[PDB]
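This report concerns only the one structure given below.
Whatever order the structure lists ligands and atoms in, that order sets their numbers, starting from 1. Quick note: residue numbers are just sequence positions, from 1.
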Amino acid sequence: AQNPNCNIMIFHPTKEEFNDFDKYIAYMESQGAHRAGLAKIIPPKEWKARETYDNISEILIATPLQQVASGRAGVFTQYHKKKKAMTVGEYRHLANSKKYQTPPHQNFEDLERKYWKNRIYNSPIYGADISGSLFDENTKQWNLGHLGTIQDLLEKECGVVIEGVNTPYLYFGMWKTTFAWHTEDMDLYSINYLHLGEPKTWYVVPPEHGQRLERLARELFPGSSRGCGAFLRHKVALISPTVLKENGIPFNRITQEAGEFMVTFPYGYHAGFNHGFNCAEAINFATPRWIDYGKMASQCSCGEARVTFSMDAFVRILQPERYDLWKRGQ
Ligand SMILES: COc1ccc(C[C@@H](C(=O)NN)c2nn[nH]n2)cc1
Ligand code: NA
Ligand code: NI
Ligand SMILES: [Zn+2]
(Lines give C-alpha, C1' and ligand atoms only; values in the text may rest on other atoms or scores of the structure.)
(Ligands and ions follow the chains in the order given, each with its own letter.)
Protein backbone atom coordinates (compact mmCIF):
# COMPACT_ATOMS: atom_id res chain seq x y z
CA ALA A 1 0.00 0.00 0.00
CA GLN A 2 1.24 3.43 -0.97
CA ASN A 3 1.88 6.13 1.63
CA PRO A 4 1.03 3.91 4.64
CA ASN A 5 2.07 6.55 7.18
CA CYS A 6 -0.43 9.00 5.59
CA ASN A 7 2.11 11.77 4.99
CA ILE A 8 1.13 14.92 3.08
CA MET A 9 2.59 14.55 -0.41
CA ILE A 10 3.79 17.39 -2.64
CA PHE A 11 3.52 17.13 -6.43
CA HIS A 12 5.33 18.98 -9.20
CA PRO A 13 3.40 18.24 -12.45
CA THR A 14 4.98 19.16 -15.72
CA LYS A 15 3.05 21.40 -18.15
CA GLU A 16 2.02 18.26 -20.06
CA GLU A 17 0.79 16.59 -16.89
CA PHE A 18 -1.21 19.75 -16.03
CA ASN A 19 -3.60 19.42 -18.95
CA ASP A 20 -5.94 16.66 -17.69
CA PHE A 21 -7.17 17.52 -14.19
CA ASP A 22 -9.05 14.27 -13.51
CA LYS A 23 -6.10 12.17 -14.69
CA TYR A 24 -3.69 13.94 -12.34
CA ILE A 25 -5.99 13.54 -9.32
CA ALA A 26 -6.15 9.82 -10.12
CA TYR A 27 -2.34 9.75 -10.45
CA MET A 28 -1.88 11.36 -7.05
CA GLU A 29 -4.20 8.77 -5.50
CA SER A 30 -2.23 5.97 -7.21
CA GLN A 31 0.74 7.26 -5.17
CA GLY A 32 -1.29 7.23 -1.94
CA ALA A 33 -1.80 10.98 -1.65
CA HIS A 34 -5.36 10.68 -0.43
CA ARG A 35 -4.29 8.76 2.66
CA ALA A 36 -3.08 12.02 4.22
CA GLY A 37 -6.36 13.87 3.54
CA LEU A 38 -4.47 16.76 1.90
CA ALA A 39 -1.91 17.18 -0.89
CA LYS A 40 0.03 20.14 -2.24
CA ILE A 41 0.39 20.73 -5.99
CA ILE A 42 3.00 23.18 -7.22
CA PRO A 43 2.05 24.29 -10.80
CA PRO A 44 4.63 24.11 -13.57
CA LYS A 45 6.79 27.18 -13.96
CA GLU A 46 5.15 28.03 -17.29
CA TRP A 47 1.67 28.33 -15.77
CA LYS A 48 -0.13 31.32 -14.34
CA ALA A 49 -3.62 31.86 -12.99
CA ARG A 50 -3.95 35.36 -14.45
CA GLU A 51 -1.65 38.15 -15.61
CA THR A 52 -1.65 40.38 -12.55
CA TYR A 53 -3.49 41.10 -9.32
CA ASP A 54 -3.30 44.88 -9.82
CA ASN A 55 -7.02 45.38 -10.48
CA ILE A 56 -8.80 43.46 -7.68
CA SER A 57 -9.35 46.27 -5.15
CA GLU A 58 -12.96 47.01 -6.19
CA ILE A 59 -14.27 43.50 -5.46
CA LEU A 60 -16.86 43.81 -2.67
CA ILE A 61 -16.86 41.82 0.53
CA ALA A 62 -20.59 42.29 1.18
CA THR A 63 -20.51 40.74 4.67
CA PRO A 64 -17.08 40.62 6.32
CA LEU A 65 -17.10 38.31 9.34
CA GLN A 66 -15.41 39.02 12.69
CA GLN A 67 -14.27 35.72 14.22
CA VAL A 68 -14.81 35.93 17.99
CA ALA A 69 -13.37 33.08 20.10
CA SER A 70 -14.42 31.45 23.37
CA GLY A 71 -12.73 28.71 25.40
CA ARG A 72 -9.04 28.17 26.08
CA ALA A 73 -6.06 28.79 23.84
CA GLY A 74 -5.91 25.24 22.49
CA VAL A 75 -9.61 24.32 22.65
CA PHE A 76 -12.03 27.03 21.52
CA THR A 77 -15.03 27.79 19.40
CA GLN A 78 -15.58 30.82 17.21
CA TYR A 79 -18.66 32.68 16.13
CA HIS A 80 -18.97 35.02 13.21
CA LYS A 81 -20.20 38.57 13.81
CA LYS A 82 -21.31 40.36 10.65
CA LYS A 83 -19.66 43.68 9.79
CA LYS A 84 -20.47 46.37 7.26
CA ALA A 85 -19.48 45.84 3.63
CA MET A 86 -16.08 46.88 2.39
CA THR A 87 -14.06 46.57 -0.78
CA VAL A 88 -10.98 44.37 -1.07
CA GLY A 89 -8.83 47.52 -1.10
CA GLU A 90 -10.37 48.67 2.16
CA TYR A 91 -9.97 45.15 3.63
CA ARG A 92 -6.32 45.02 2.64
CA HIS A 93 -5.73 48.33 4.40
CA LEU A 94 -7.49 47.01 7.50
CA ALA A 95 -5.43 43.81 7.48
CA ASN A 96 -2.24 45.87 7.36
CA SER A 97 -3.26 48.19 10.18
CA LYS A 98 -1.48 48.07 13.53
CA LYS A 99 -4.47 46.33 15.14
CA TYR A 100 -4.59 43.44 12.66
CA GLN A 101 -1.18 43.10 11.01
CA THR A 102 1.05 40.06 11.34
CA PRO A 103 3.51 40.48 14.23
CA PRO A 104 7.27 40.31 13.84
CA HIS A 105 8.35 36.65 13.71
CA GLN A 106 11.35 34.52 12.85
CA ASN A 107 9.88 31.80 10.58
CA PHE A 108 6.63 29.89 10.03
CA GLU A 109 7.13 27.79 13.20
CA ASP A 110 7.48 30.92 15.37
CA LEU A 111 4.35 32.37 13.82
CA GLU A 112 2.50 29.07 14.46
CA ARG A 113 3.51 29.26 18.13
CA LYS A 114 2.23 32.83 18.34
CA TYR A 115 -1.05 31.87 16.65
CA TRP A 116 -1.86 29.09 19.12
CA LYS A 117 -0.71 31.12 22.12
CA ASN A 118 -2.63 34.29 21.27
CA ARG A 119 -5.43 33.65 18.74
CA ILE A 120 -8.26 33.68 21.28
CA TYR A 121 -7.38 37.16 22.50
CA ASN A 122 -8.08 38.80 19.13
CA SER A 123 -11.00 38.86 16.69
CA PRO A 124 -9.77 39.02 13.09
CA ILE A 125 -12.10 39.83 10.17
CA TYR A 126 -12.37 37.87 7.02
CA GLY A 127 -14.12 37.64 3.72
CA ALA A 128 -15.61 34.22 3.08
CA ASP A 129 -17.65 32.26 0.58
CA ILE A 130 -17.74 35.13 -1.95
CA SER A 131 -18.99 33.64 -5.21
CA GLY A 132 -16.54 34.51 -7.96
CA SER A 133 -13.25 33.66 -9.62
CA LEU A 134 -9.87 35.30 -10.20
CA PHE A 135 -8.73 32.88 -12.91
CA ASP A 136 -8.39 34.41 -16.33
CA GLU A 137 -10.90 32.88 -18.74
CA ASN A 138 -7.96 32.05 -21.02
CA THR A 139 -6.20 29.95 -18.34
CA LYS A 140 -6.97 26.47 -19.61
CA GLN A 141 -5.23 24.34 -16.99
CA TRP A 142 -6.44 23.96 -13.41
CA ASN A 143 -8.90 26.85 -13.77
CA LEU A 144 -11.20 26.40 -10.77
CA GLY A 145 -14.13 28.00 -12.67
CA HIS A 146 -13.89 25.46 -15.50
CA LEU A 147 -13.86 22.11 -13.69
CA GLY A 148 -16.33 19.32 -14.40
CA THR A 149 -19.33 19.70 -12.15
CA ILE A 150 -20.33 17.44 -9.28
CA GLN A 151 -23.79 17.12 -10.82
CA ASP A 152 -22.26 15.80 -14.06
CA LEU A 153 -20.06 13.39 -12.09
CA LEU A 154 -23.12 11.98 -10.27
CA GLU A 155 -24.95 11.68 -13.56
CA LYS A 156 -22.02 9.94 -15.26
CA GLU A 157 -21.53 7.47 -12.38
CA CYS A 158 -25.11 6.79 -11.38
CA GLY A 159 -27.21 7.68 -14.40
CA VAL A 160 -29.48 10.31 -12.75
CA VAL A 161 -29.64 13.91 -13.96
CA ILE A 162 -29.99 16.36 -11.09
CA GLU A 163 -30.49 20.08 -10.66
CA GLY A 164 -27.79 22.26 -9.14
CA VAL A 165 -24.63 24.15 -9.99
CA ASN A 166 -21.04 24.17 -8.67
CA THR A 167 -19.07 27.51 -8.81
CA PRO A 168 -15.94 28.76 -7.02
CA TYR A 169 -15.65 30.95 -3.98
CA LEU A 170 -13.18 33.65 -2.99
CA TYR A 171 -11.71 34.13 0.46
CA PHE A 172 -9.92 37.20 1.73
CA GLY A 173 -7.92 36.62 4.93
CA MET A 174 -5.75 38.38 7.44
CA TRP A 175 -3.48 37.37 10.31
CA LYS A 176 -5.24 34.89 12.64
CA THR A 177 -8.27 34.32 10.42
CA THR A 178 -9.18 30.74 11.14
CA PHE A 179 -10.86 27.81 9.44
CA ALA A 180 -12.37 25.41 11.97
CA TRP A 181 -12.09 21.61 11.88
CA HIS A 182 -14.33 20.20 9.17
CA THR A 183 -14.79 17.88 6.25
CA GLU A 184 -16.43 19.20 3.10
CA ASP A 185 -20.17 19.08 2.47
CA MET A 186 -21.10 15.50 1.61
CA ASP A 187 -17.43 14.60 2.26
CA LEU A 188 -16.53 16.01 -1.16
CA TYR A 189 -13.04 16.86 -2.31
CA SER A 190 -11.94 20.46 -2.30
CA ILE A 191 -9.30 22.33 -4.22
CA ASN A 192 -7.86 25.62 -2.98
CA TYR A 193 -5.57 28.03 -4.84
CA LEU A 194 -3.71 30.74 -2.93
CA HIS A 195 -3.79 33.57 -5.48
CA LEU A 196 -1.92 36.30 -3.59
CA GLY A 197 -0.39 37.34 -0.31
CA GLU A 198 0.72 35.66 2.86
CA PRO A 199 0.66 31.93 3.61
CA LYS A 200 -1.99 29.64 5.02
CA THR A 201 -1.08 26.86 7.51
CA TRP A 202 -3.15 23.69 7.29
CA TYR A 203 -3.71 20.81 9.71
CA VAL A 204 -5.26 17.53 8.49
CA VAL A 205 -6.33 14.17 9.89
CA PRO A 206 -6.06 11.11 7.59
CA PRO A 207 -9.50 9.98 6.38
CA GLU A 208 -8.92 6.54 7.88
CA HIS A 209 -8.63 8.20 11.30
CA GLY A 210 -11.38 10.80 11.09
CA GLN A 211 -13.53 9.09 13.70
CA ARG A 212 -10.71 9.55 16.23
CA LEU A 213 -10.96 13.29 15.78
CA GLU A 214 -14.75 13.12 16.06
CA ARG A 215 -14.50 11.22 19.35
CA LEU A 216 -12.07 13.75 20.79
CA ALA A 217 -14.26 16.62 19.64
CA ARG A 218 -17.28 15.11 21.42
CA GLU A 219 -15.22 14.95 24.61
CA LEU A 220 -13.88 18.50 24.30
CA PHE A 221 -17.15 20.17 23.24
CA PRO A 222 -19.68 18.21 25.26
CA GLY A 223 -22.64 20.61 25.05
CA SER A 224 -22.21 20.99 21.31
CA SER A 225 -22.12 17.23 20.91
CA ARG A 226 -25.36 16.84 22.85
CA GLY A 227 -26.99 19.41 20.55
CA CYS A 228 -26.01 17.73 17.28
CA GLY A 229 -24.59 14.37 16.28
CA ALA A 230 -22.57 16.02 13.50
CA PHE A 231 -21.64 19.34 15.15
CA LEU A 232 -18.29 19.61 13.39
CA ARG A 233 -20.54 20.41 10.32
CA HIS A 234 -21.15 23.74 12.06
CA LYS A 235 -17.51 24.73 11.35
CA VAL A 236 -16.91 26.41 14.70
CA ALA A 237 -14.53 24.18 16.70
CA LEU A 238 -10.74 24.50 17.01
CA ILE A 239 -8.31 22.10 18.64
CA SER A 240 -4.58 22.88 18.61
CA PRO A 241 -1.77 20.56 17.45
CA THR A 242 -0.57 20.32 21.06
CA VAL A 243 -3.95 19.07 22.22
CA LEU A 244 -4.19 16.62 19.29
CA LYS A 245 -0.76 15.21 20.18
CA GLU A 246 -1.69 14.95 23.87
CA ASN A 247 -4.71 12.85 22.84
CA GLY A 248 -2.88 10.68 20.34
CA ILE A 249 -4.80 11.94 17.28
CA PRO A 250 -2.94 11.25 14.00
CA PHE A 251 -2.49 14.48 12.03
CA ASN A 252 -0.09 16.40 9.78
CA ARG A 253 0.59 20.04 9.04
CA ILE A 254 1.87 22.02 6.06
CA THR A 255 2.07 25.66 4.97
CA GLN A 256 0.67 26.74 1.60
CA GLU A 257 2.24 29.73 -0.15
CA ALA A 258 0.98 31.96 -2.91
CA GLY A 259 0.90 30.22 -6.27
CA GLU A 260 0.24 26.76 -4.80
CA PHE A 261 -2.80 24.49 -4.89
CA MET A 262 -4.01 22.30 -2.04
CA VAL A 263 -6.45 19.41 -2.55
CA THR A 264 -8.45 17.96 0.33
CA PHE A 265 -9.70 14.42 -0.08
CA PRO A 266 -13.05 12.88 0.93
CA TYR A 267 -13.46 12.72 4.70
CA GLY A 268 -10.13 14.48 5.36
CA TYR A 269 -10.75 16.74 8.35
CA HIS A 270 -8.81 19.98 8.09
CA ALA A 271 -8.36 23.29 9.93
CA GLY A 272 -5.89 26.15 9.74
CA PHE A 273 -5.09 29.82 9.76
CA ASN A 274 -3.84 32.68 7.61
CA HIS A 275 -0.50 34.38 8.19
CA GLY A 276 -1.52 37.84 6.92
CA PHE A 277 -3.47 39.46 4.08
CA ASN A 278 -4.21 36.94 1.36
CA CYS A 279 -6.72 35.89 -1.27
CA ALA A 280 -7.64 32.28 -2.05
CA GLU A 281 -10.16 30.61 -4.36
CA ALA A 282 -11.71 27.22 -3.67
CA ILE A 283 -14.35 24.85 -4.97
CA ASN A 284 -15.65 21.37 -4.16
CA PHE A 285 -15.36 18.59 -6.69
CA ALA A 286 -16.00 14.86 -7.08
CA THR A 287 -14.48 11.81 -8.69
CA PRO A 288 -15.81 8.26 -9.00
CA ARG A 289 -14.07 7.39 -5.74
CA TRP A 290 -16.09 10.04 -3.89
CA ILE A 291 -19.47 8.37 -4.47
CA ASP A 292 -19.01 5.85 -1.62
CA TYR A 293 -18.02 8.66 0.75
CA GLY A 294 -21.03 10.73 -0.27
CA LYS A 295 -23.34 7.82 0.52
CA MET A 296 -21.87 7.52 4.02
CA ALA A 297 -21.40 11.21 4.94
CA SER A 298 -22.79 12.32 8.23
CA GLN A 299 -25.26 15.10 8.21
CA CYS A 300 -26.29 17.94 10.47
CA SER A 301 -30.07 18.13 10.80
CA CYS A 302 -30.18 20.44 13.89
CA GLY A 303 -30.47 23.57 11.76
CA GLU A 304 -27.07 25.11 12.33
CA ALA A 305 -25.32 23.85 9.17
CA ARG A 306 -27.32 25.56 6.45
CA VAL A 307 -25.81 24.84 3.02
CA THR A 308 -26.23 25.46 -0.70
CA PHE A 309 -29.34 24.25 -2.48
CA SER A 310 -27.05 22.01 -4.59
CA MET A 311 -26.65 19.70 -1.64
CA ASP A 312 -30.36 18.82 -1.66
CA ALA A 313 -29.96 16.54 -4.67
CA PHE A 314 -26.89 14.86 -3.26
CA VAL A 315 -28.75 13.87 -0.07
CA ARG A 316 -31.91 13.02 -2.01
CA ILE A 317 -30.18 10.60 -4.37
CA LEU A 318 -27.33 9.23 -2.25
CA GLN A 319 -29.03 9.22 1.18
CA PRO A 320 -32.79 8.79 0.60
CA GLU A 321 -33.40 7.43 4.13
CA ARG A 322 -31.86 10.58 5.67
CA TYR A 323 -33.43 13.03 3.26
CA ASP A 324 -36.66 13.90 5.09
CA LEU A 325 -34.91 14.64 8.39
CA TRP A 326 -32.10 16.57 6.75
CA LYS A 327 -34.58 18.61 4.65
CA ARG A 328 -36.39 19.56 7.86
CA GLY A 329 -33.07 20.91 9.13
CA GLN A 330 -32.62 23.12 6.07
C1 LIG B 1 -14.49 28.65 10.62
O2 LIG B 1 -14.50 27.71 9.68
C3 LIG B 1 -14.37 27.91 8.39
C4 LIG B 1 -14.12 29.14 7.83
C5 LIG B 1 -13.78 29.16 6.50
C6 LIG B 1 -13.63 27.98 5.75
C7 LIG B 1 -13.23 28.03 4.45
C8 LIG B 1 -11.91 27.17 4.29
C9 LIG B 1 -12.28 25.68 3.90
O10 LIG B 1 -11.53 24.70 4.18
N11 LIG B 1 -13.54 25.50 3.35
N12 LIG B 1 -13.94 24.21 2.97
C13 LIG B 1 -10.88 27.91 3.48
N14 LIG B 1 -9.85 28.58 3.98
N15 LIG B 1 -9.19 29.12 2.95
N16 LIG B 1 -9.86 28.88 1.85
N17 LIG B 1 -10.89 28.11 2.19
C18 LIG B 1 -13.82 26.75 6.33
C19 LIG B 1 -14.16 26.73 7.66
NA1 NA C 1 2.85 12.34 10.58
NI1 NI D 1 -12.49 22.90 3.66
ZN1 LIG E 1 -26.06 20.51 13.70
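- In this structure, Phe231 and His234 have perpendicular ring planes: the angle between them is above 60°, well past the 30° mark.
- Of all the N, O or S atoms in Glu184, the one closest to the Ni ion (ligand 3) is OE2.
- If you chain together hydrophobic residues whose side chains sit under 4.5 Å apart, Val204 and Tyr193 never meet in one group.
- With a cut-off of 3.0 Å, the Na ion (ligand 2) has an N, O or S atom of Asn252 in range.
- Between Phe261 and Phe135, the angle of the ring planes stays under 30°, which puts this pair in the parallel group of the 30/60° scheme.
- When the N, O or S atoms of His270 are ranked by distance to the Ni ion (ligand 3), NE2 comes first.
- With the Zn ion (ligand 4) at the apex, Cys300 SG and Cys228 SG define an angle of roughly 120° (rounded to 10 degrees).
- Aromatic ring pairs are classed by plane angle as parallel below 30°, tilted from 30° to 60° and perpendicular above 60°; the pair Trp175 and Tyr115 is perpendicular.
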